[PDB]
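Here is the structure we will look at.
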There are 2 protein chains.
Amino acid sequence: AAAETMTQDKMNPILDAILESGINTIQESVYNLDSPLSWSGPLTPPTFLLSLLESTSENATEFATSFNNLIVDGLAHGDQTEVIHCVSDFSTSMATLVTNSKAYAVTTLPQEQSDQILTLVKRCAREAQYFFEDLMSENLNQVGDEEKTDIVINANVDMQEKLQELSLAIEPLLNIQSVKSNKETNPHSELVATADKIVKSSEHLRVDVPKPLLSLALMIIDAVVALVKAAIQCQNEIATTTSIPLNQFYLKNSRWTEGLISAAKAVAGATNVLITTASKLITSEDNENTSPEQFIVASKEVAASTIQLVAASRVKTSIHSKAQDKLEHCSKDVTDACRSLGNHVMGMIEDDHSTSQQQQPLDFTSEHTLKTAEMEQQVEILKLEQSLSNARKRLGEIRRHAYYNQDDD
Amino acid sequence: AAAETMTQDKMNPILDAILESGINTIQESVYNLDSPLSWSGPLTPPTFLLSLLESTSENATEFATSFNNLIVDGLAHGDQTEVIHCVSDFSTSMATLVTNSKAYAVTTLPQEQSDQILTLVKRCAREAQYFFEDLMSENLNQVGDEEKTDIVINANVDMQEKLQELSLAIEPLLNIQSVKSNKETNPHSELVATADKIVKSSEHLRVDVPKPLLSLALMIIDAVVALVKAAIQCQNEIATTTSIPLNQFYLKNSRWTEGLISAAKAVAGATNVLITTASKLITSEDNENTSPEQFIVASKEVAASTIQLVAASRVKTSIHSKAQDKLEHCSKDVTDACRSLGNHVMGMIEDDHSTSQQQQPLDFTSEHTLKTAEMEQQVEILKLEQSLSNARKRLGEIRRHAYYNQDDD
């Protein structure tokens, strides 16, 4: 029909521009990738990264779905706000996957295996560029009217093959510990239980005369429980935003579900090592033991795992939630508290080690000695990046080999 | 106006969705920022980062200009492709600034000074959110018709105050090699001269019988000159895209200009240290003295500086240039060659050091000892990240204290 064609023709250029802005939104992340100015990125876990592969597939299917609805309504006649949201969410989630999976691959795997994964992430990123590019309007303009949906579904299935082959490249990485605890128990109840696990452990921790360092630890713990009580309310607001029971929701999203439980168990476990450390700072009043670095480690471990809990709690909400806002603000309370505790103990260390951490002047009159001195210096920043990328995987094996005994312990 | 009113019910909501997709394009980078998982990254110079501050200001002024033109053509009736490009370019360049300036601050500065810069990058990012937020058309439904341009220009000037105060936070970081003077000599002629500096130095090296390790270095140098000759065509593609003379172009963009010259001098200087290492041929046929790590440093230094030259060559374009494509592809030739030379020399080292780089099993049958062994591990990845963040600035002070002499010599 006429108006269906004429209003579509006016909005086809803008749809081309939005799509090309989509390609650019991805392409700016690929420029970023192949620039090694980007360096040592996220210690992102595979459990989360599978929920990105899944939510990518869902958003790609939502982009296909909303494109099919817009094909039936005439490719730019109908209201694009849904497609522009779905493009913008698929493009932002794909661009977040492409970012994250490079960071993850390069920081975790041996040479051939890292090289192998990146090659396929690139093919997936290019195939997503082909998803917008094999449409635009230029490539589509002559193709039969419904038949465009076969380009959509073939581009979908080939992308989904690359996502499945990418999935089959990440699935072999999963940890064995979940095998003995496949259960219907749900993360909501684990958070509700986590509150009591902490509170029953910390009932001990309200003596009649406090100490400076201890009080900061209580400010953390008290903020962490407030954060967990926010996290209890987060899912409950999702259960009212969604139109279906918690069981009918949880029974599909298994890869997100395991991410949220592993996050809840990381906050429980993290806080338990904080509480287990703070116990030394109350169960003796006398200075029988000290361990400042252990606090800096442990405070950074609560600070890192609490950020994973927000991120793992984020993926399923649009932002306007007061439970999200309260969780985020409470995470700033935890962040600032860990920063304060950090600054305090760093202060106690550097009170002495201002003697140790000194430097000497660097000027020279003879040019040969400058052109040499930088070529001395660039070799030290090699040995002390290899050492860090070498020892950071020995942890990833202590994460596995002993923990398969920890399943039975 | 009439057509402005008739389009409002459909076309304001989509413009709101595009703007909110703009806020989200930024907000995804701020969620990224305040997730420390998006960790220590780009070593990028202030010279480049000022061209981002400038091109942000120009794109912000182009978002102002194109929205002012749209305010005259009818607030959502007119062809939005220009505004949607300018929003998409301001949003991608701002999001790239917010990313890069966090990376730069945390990698370079002391505690107070890094804390200080990030605080203001956040205020600038929020003020940009307030800019699109103030254009979320609920605000423009109550402000007087032309008077919206005062919200635009006040939001602009306050952002520009934050960008100027941010600029004044980065300008104190600049260096003597251009702080002494700007000149009329231009980068085009420095590239043209760079070709001859390299070719006249490398006329020596080509001899009747080659060697394996040397041939790879000639593949680099030959690719690097091809890359520099591509870079000569890059500016002609800019200068023919523009209507104005090279002098009328160069006399404005001084911060970009110094970025491109310092990049060209980095590719000349990088290649000259590679050619100086191949000039270890000059003394002898026999191995008088050599070392491998010098090549790994130097090949990574050509590989890093050549990526800066492409990036510094991107900013003033659109992607469809054959000179851009040729430069990028040639940079892949250089990248792959450096990777090949890397792999070769790494191979020569590990042929021996397979003796050194060995590991032992990590399993345990006592939970206390596992829970301890991971807490032994987490402190080593502290000592060997402080050491790296400590020594990486003892280089950055050699960029000045001795280098002011070499900048004059």
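Chains: A, B, ... in order of the structure tokens. Residues: from 1 per chain. Ligands: from 1, in order shown.
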
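The two identical-sequence chains, chain A and chain B, differ by a C-alpha RMSD of 0.8 Å after optimal least-squares superposition.
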
What are the closest atom pairs, with distances in Å to one decimal, for all residues of chain A lying within 8 Å of chain B? Consider only C-alpha atoms, order rows by chain and residue number, and present the result as CSV.
residue,atom,partner,partner_atom,distance
A:13,CA,B:81,CA,7.3
A:14,CA,B:81,CA,5.4
A:17,CA,B:81,CA,6.4
A:18,CA,B:84,CA,7.5
A:21,CA,B:88,CA,6.5
A:25,CA,B:92,CA,7.4
A:28,CA,B:92,CA,8.0
A:35,CA,B:307,CA,6.6
A:36,CA,B:304,CA,7.4
A:37,CA,B:42,CA,4.4
A:38,CA,B:41,CA,5.1
A:39,CA,B:41,CA,4.5
A:40,CA,B:41,CA,6.4
A:41,CA,B:39,CA,5.1
A:42,CA,B:37,CA,4.3
A:43,CA,B:37,CA,6.3
A:44,CA,B:37,CA,7.4
A:79,CA,B:10,CA,7.3
A:80,CA,B:14,CA,7.3
A:81,CA,B:14,CA,5.5
A:84,CA,B:18,CA,7.5
A:85,CA,B:17,CA,7.3
A:88,CA,B:21,CA,6.5
A:92,CA,B:25,CA,7.4
A:293,CA,B:379,CA,7.2
A:294,CA,B:379,CA,7.6
A:297,CA,B:378,CA,6.8
A:304,CA,B:36,CA,7.7
A:307,CA,B:35,CA,6.5
A:362,CA,B:401,CA,6.1
A:363,CA,B:402,CA,4.1
A:364,CA,B:402,CA,5.2
A:365,CA,B:405,CA,7.2
A:367,CA,B:406,CA,6.4
A:370,CA,B:402,CA,6.6
A:374,CA,B:395,CA,6.9
A:375,CA,B:294,CA,7.8
A:377,CA,B:395,CA,6.6
A:378,CA,B:297,CA,6.7
A:379,CA,B:297,CA,6.9
A:381,CA,B:388,CA,6.8
A:384,CA,B:388,CA,6.1
A:385,CA,B:388,CA,7.2
A:387,CA,B:384,CA,7.4
A:388,CA,B:384,CA,6.0
A:391,CA,B:381,CA,7.5
A:392,CA,B:381,CA,6.9
A:395,CA,B:377,CA,6.6
A:397,CA,B:362,CA,7.1
A:398,CA,B:362,CA,6.0
A:401,CA,B:363,CA,5.1
A:402,CA,B:363,CA,4.2
A:403,CA,B:370,CA,7.7
A:405,CA,B:365,CA,6.3
A:406,CA,B:367,CA,6.3
A:409,CA,B:367,CA,6.5

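Of note, atom CA of residue 322 of chain B and atom CA of residue 240 of chain B are spaced 13.1 Å apart.
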
List every residue of segment 244-391 of chain A that DSSP, applied to the backbone of this structure, places in helix (DSSP H, G or I), and write the result as a PyMOL selection string. chain A and resi 246-250+254-281+292-314+322-353+367-391

Polymer residues at most 7 Å from segment 188-198 of chain A, only C-alpha atoms, same-chain spacing of 4 or more positions, as an NGL selection string: :A and (202 or 225 or 228 or 232 or 264 or 268)

Mind writing the picked residues with N, CA and C atoms as a PDB file, in the first residue's frame?
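See again04.pdb below for the written result:
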ATOM      1  N   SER A 202      27.838 -13.328  63.391  1.00  0.00           N
ATOM      2  CA  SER A 202      28.228 -12.001  63.843  1.00  0.00           C
ATOM      3  C   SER A 202      27.495 -11.514  65.108  1.00  0.00           C
ATOM      4  N   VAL A 225      25.496  -6.872  54.962  1.00  0.00           N
ATOM      5  CA  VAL A 225      24.194  -7.458  55.262  1.00  0.00           C
ATOM      6  C   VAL A 225      23.063  -6.592  54.702  1.00  0.00           C
ATOM      7  N   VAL A 228      23.103  -7.498  51.065  1.00  0.00           N
ATOM      8  CA  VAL A 228      22.419  -8.786  50.871  1.00  0.00           C
ATOM      9  C   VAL A 228      20.908  -8.645  51.049  1.00  0.00           C
ATOM     10  N   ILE A 232      18.065  -9.487  48.263  1.00  0.00           N
ATOM     11  CA  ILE A 232      16.856 -10.270  48.518  1.00  0.00           C
ATOM     12  C   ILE A 232      15.644  -9.591  47.869  1.00  0.00           C
ATOM     13  N   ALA A 264      26.069 -15.378  45.102  1.00  0.00           N
ATOM     14  CA  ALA A 264      25.595 -15.399  46.488  1.00  0.00           C
ATOM     15  C   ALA A 264      26.539 -16.183  47.404  1.00  0.00           C
ATOM     16  N   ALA A 268      28.698 -14.812  50.573  1.00  0.00           N
ATOM     17  CA  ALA A 268      28.742 -15.592  51.810  1.00  0.00           C
ATOM     18  C   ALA A 268      30.176 -16.029  52.163  1.00  0.00           C
TER      19      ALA A 268
END

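Restricting the calculation to only C-alpha atoms, the smallest distance between residue 253 of chain B and any of B:8, B:336, B:233, B:315 is found for B:315.
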
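Excluding residue 120 of chain B itself and same-chain residues fewer than 2 positions from it, the residues having an atom within 10 Å of it are residues 115, 116, 117, 118, 122, 123, 124, 125, 126, 162, 163, 165, 166 and 169 of chain B, counting only C-alpha atoms.
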
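The protein and nucleic acid residues lying at most 8 Å from segment 256-259 of chain B are residues 47, 48, 50, 51, 178, 186, 187, 250, 263 and 312 of chain B, with only C-alpha atoms considered and sequence neighbours fewer than 4 positions away removed.
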
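Residue nearest residue 235 of chain B within the list B:317, B:108, B:167, B:101: B:317 [criterion: smallest interatomic distance, only C-alpha atoms].
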
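In terms of minimum interatomic distance to residue 99 of chain B, B:33 ranks closest within B:213, B:33, B:70, B:173, counting only C-alpha atoms.
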
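Counting only C-alpha atoms, the residue from A:309, A:95, A:323, A:157 that sits nearest to residue 238 of chain A is A:323.
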
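By only C-alpha atoms, and with residues fewer than 3 positions from residue 77 of chain A along its chain excluded, the set lying at most 7 Å from it is residues 4, 7, 8, 73 and 74 of chain A.
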
Taking N, CA, C and O atoms for each residue, export the selection above as an mmCIF file, in the first residue's frame.
data_model
loop_
_atom_site.group_PDB
_atom_site.id
_atom_site.type_symbol
_atom_site.label_atom_id
_atom_site.label_comp_id
_atom_site.auth_asym_id
_atom_site.auth_seq_id
_atom_site.Cartn_x
_atom_site.Cartn_y
_atom_site.Cartn_z
ATOM 1 N N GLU A 4 2.129 2.984 3.712
ATOM 2 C CA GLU A 4 3.020 1.910 4.162
ATOM 3 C C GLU A 4 4.366 1.935 3.422
ATOM 4 O O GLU A 4 5.397 1.636 4.018
ATOM 5 N N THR A 7 5.964 6.278 4.125
ATOM 6 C CA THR A 7 6.490 6.522 5.473
ATOM 7 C C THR A 7 7.675 5.593 5.773
ATOM 8 O O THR A 7 8.633 6.002 6.434
ATOM 9 N N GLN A 8 7.654 4.369 5.237
ATOM 10 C CA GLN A 8 8.788 3.447 5.255
ATOM 11 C C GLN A 8 9.992 4.028 4.499
ATOM 12 O O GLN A 8 11.079 4.080 5.057
ATOM 13 N N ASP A 73 4.833 -5.500 9.453
ATOM 14 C CA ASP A 73 4.327 -4.119 9.517
ATOM 15 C C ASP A 73 4.962 -3.152 8.492
ATOM 16 O O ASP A 73 4.679 -1.954 8.528
ATOM 17 N N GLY A 74 5.787 -3.636 7.556
ATOM 18 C CA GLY A 74 6.533 -2.812 6.602
ATOM 19 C C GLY A 74 7.791 -2.204 7.230
ATOM 20 O O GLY A 74 7.698 -1.430 8.181
#

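Separating atom CA of residue 54 of chain B from atom CA of residue 98 of chain B is a distance of 13.8 Å.
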
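Close contacts of residue 214 of chain B, defined as residues with an atom at most 12 Å away when counting only C-alpha atoms, with chain neighbours fewer than 2 positions off set aside, comprise residues 205, 206, 207, 209, 210, 211, 212, 216, 217, 218, 219, 220, 221, 274, 275, 277, 278, 279, 280, 281, 285, 295, 341, 344 and 345 of chain B.
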
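Among A:260, A:136, A:267, A:86, the residue with the shortest atom-to-atom distance to residue 65 of chain A, counting only C-alpha atoms, is A:86.
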
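Using only C-alpha atoms, the smallest distance between any of A:343, A:316, A:159, A:262 and residue 292 of chain A comes from A:343.
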